Structure formats: structure tokens, C-alpha cells
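There is one chain below, alone, in C-alpha cells, taken in the form deposited in one PDB entry.
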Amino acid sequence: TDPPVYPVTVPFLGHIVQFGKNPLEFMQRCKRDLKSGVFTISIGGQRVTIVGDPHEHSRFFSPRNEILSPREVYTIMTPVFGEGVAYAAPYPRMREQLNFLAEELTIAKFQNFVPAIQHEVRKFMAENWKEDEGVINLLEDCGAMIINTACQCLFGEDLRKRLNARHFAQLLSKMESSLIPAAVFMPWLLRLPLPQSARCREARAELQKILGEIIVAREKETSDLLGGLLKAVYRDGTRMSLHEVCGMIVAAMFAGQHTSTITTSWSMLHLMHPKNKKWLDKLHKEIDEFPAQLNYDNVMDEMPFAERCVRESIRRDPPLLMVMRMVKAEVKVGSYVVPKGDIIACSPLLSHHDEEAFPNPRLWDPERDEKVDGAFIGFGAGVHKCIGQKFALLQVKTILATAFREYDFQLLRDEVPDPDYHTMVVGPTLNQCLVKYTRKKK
């Protein structure tokens, strides 16, 4: 009962190169040419079955670890999160560790986040956008605000003195540049010559050492993310080692650094284009009554329109293209069976362009709704739904409201940028993100 297979021209590659040159065109072509939302491609040539029919999403996002296993596709993350941590730990321990982190990012921790985010955005604009007008790279400035604001929400004063946002961002960038995403499926790529020595193992040790000194200094005489993590207790009564705590801190910062940056950038590139003037007017009608000091209720409860803006930016250009699982027990999807040992995948990129669920999918329409229930999967669904999503939305909406209150923006090109599918987390093409800001005062 197998899904149809896309023909393979080069057995050793399968489709990894066709996918890589244009994942959107490739995946739409398969789904169109095989006349099936559910179809199988080759990635060197491991079978990957894509559930590209939004009616079948729950069949991918609902099964538990025993049936659909996430960990096999993250072997590359081991040197980053740390040996034996997270995806390299036994499953019950992994679930507990991700859950400790989820607990640090609930509503209940957010009471002082909105002013901390605002103070930091404002400091960034005063320092970097200080003429009446100027030309910036919006994607780079969003990245800087996202790291700065995250640090101010999650890290205590003492930790920020040993490790400012700029040094944090350099450490994460070192750990990131060592990764070969395609090594998930072709681990021999790890054997190819590097232009430069990898600094991942060293960036992490350096972070772990700073964290250890902060911890010793705190014991000599604390409710930030580090402190929350230090009070966590496994069900067997033991606690996290420093190795583990460091792994979780890395995962939390690493997860949001591109995804959140990209979401903010897209939302601003859309809002500022002149054809979207009606939407920018609507955003202003939402925010123009707010006090200068926003609070949690303003952002969580009184920005429904800004949130539709953020969601629609992820719908149109989801920063995570594909989510994957090892099939541990055969599963039904639609009228097919997907066999044990396949990789199964569901792609936000593909599903978010399904013509039935999202008519005119290349149009950014913040007022649209999904026409297939559950077809938006930008933050996942079910068992592995994103645990960072409320924090990421708070952050992005808070930056929108803060920047648009004091500045106007002009995109220096005819159209909202093209997505650049060549990076593992996908955002607007970098050299298309030049923007002129105009300070409203002066």
C-alpha cells in the first residue's frame, strides 16, 4: 500500500540536490506530478515519505516517540547540546530535559519580560538608529535585537556581566558554523576537508566554564533561566549536571536565534512595503492607543492583529522547512502505509502552499484563515509542538510595537525579498534586506 515514489535519476544522491536548489519548486513538482499529497523521495537514497496533504497532518504530529521517533535526525546536534544530552539521551530523560526547559518559558515567567524587551529594543534604536534617517540591514538588526532582548529576559544581571549578548552571539555562531546539515543523511560529509578549524567543541566548553563560575559565585551568597534549570529535579530525584544545564541553555538560545529574527524581519518587510499600507494602517490602529510602557496584557491580549501579521509571515515563509521522524512501527497515512524504517516528514513549506488550505499561498494576507483545519504547522503540532512559541511571539510582537511607535521604514527595492532556501533556517535573502529608517521625531 506504498505512497508513490518520485523517480530517481542519480541513485547515490537521490533528490538531495534537486531539493536543495529549490525546495519549494521541487516539492510542489513531486506532489503535482505524482498526483498525490503523500509521496516518497530519496535523500542519498534513504526513503523519505512526505505527508504533504494537510488533511493527514495529525497522522504525523500525533503519534508518540515509540511510533514516530524524532531523535535519529538530530545526530548532528550532539556536539552542540552535549554528549548524552537531549537527543543523545535515553528518551524518558530527554522528555524530562525538554520539559524543564518548557517550564522556564511559560506565561508565569513572563511578568517582567515585556518591559525588559522594550528597554533593550529602545537602547538598540538609540544606539544604532540615531540620525533622522539612515540605511540599515534589517535582518542583521533584527538578529541583534532578538539576541539582546532574549538575554535580558532570560539571564540575570550577574550572568550578563560575564557574558554579554555580543559574546553570547559569537559563541553560538561558532557552534553553528561547524554543522553540516546534510550530514544527517550522508555522514561521510564529515570526512571532507574544512576551510577552517571547527570551534564548536571549544565554544561550548567556554560557555560551560562561565556558567560554572556564575554558579559557584551564586552559592557563595536567583530566578533567571539558569536558576530555574538549577532547581529542576528528575523524577528519580536526581538533578541536572552542569553539562546538561549548559546543553539546555544552548538549545534555548540556539532555537530562537534565527527563527525569531527571521519572523520579525519578514513581518517588518511585509508591513513596510507600500502595497501593504492598509495592513500597516491597521497595525497602527492597534498600537497607537498603547502607553509608552507596555505591559504583559497589552501584548498577550490586546494585539490580535499584530499576531495575525506574525503568523501569516511564518505561514508564507516558514523558517523551518521540514520536520522529520524515524518510523518505528508502520503507520497509515491517507490510503497508504508508510513502512518501518522510512523517514517520515511533514513540511511546513509544502503544506503552507497547498492550494485548498491556503488559496493564493504567495500572497501575504494577515486576514486569511486556514481552509483546512490544522494546515498551519509553523510551530509544529501535537506531541512535539514548539515549547518556545509563546516566548517567541511575545518577543516579536513586542519588537513590532516598539519599533513602529518611533520609526517608519522604507524598503529600498521594488518587492519584499526572495526567501533564501540555501540556509538550514530560511529567511529573506540577506542582501535584499536594506531598509531606510526615518525617525518620527526629527
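So that there is no doubt, residue numbering starts at 1 and follows the sequence shown. Only residues modelled in both forms are compared. Take the two forms, superpose them, and find the largest set of C-alpha atoms that agree within 1.5 Å; that set is the rigid core.
A second form of this protein, the form deposited in another entry, is not displayed here; the remarks below concern that form.
Colleague: Quick check on the comparison between the shown form and the other one: with the core aligned, only one of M186, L242, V337, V233 should show a Cα shift of at least 2 Å. Which one is it?
Modeller: With the rigid core fitted, the residue that moves is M186.
Colleague: Hey, does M300 budge by 2 Å or more at the Cα between the shown form and the other one once the core is superposed?
Modeller: After core superposition, the displacement of the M300 C-alpha between the shown form and the other one stays below 2 Å, so no.
Colleague: State yes or no: after fitting on the rigid core, is the Cα displacement of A198 between the shown form and the other one at least 2 Å?
Modeller: The answer is yes; the displacement is at least 2 Å.
Colleague: Since the CA distance of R191 and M77 differs by 3 Å or more in that other deposited form, is it closer or farther than in the form displayed?
Modeller: So the answer is closer.
Colleague: Between the shown chain and the other structure, the Cα gap of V48 to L190 differs by 3 Å or more. Is it closer or farther in that other deposited form?
Modeller: Closer is correct, given that in that other deposited form the C-alpha spacing of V48 to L190 is reduced by at least 3 Å.
Colleague: Please list, in sequence order, every run of 3 or more consecutive shared residues whose CA atoms are displaced by 2 Å or more between the shown form and the other one on a core superposition.
Modeller: When the rigid core is held fixed, residues 183-198 make up the only run that shifts.
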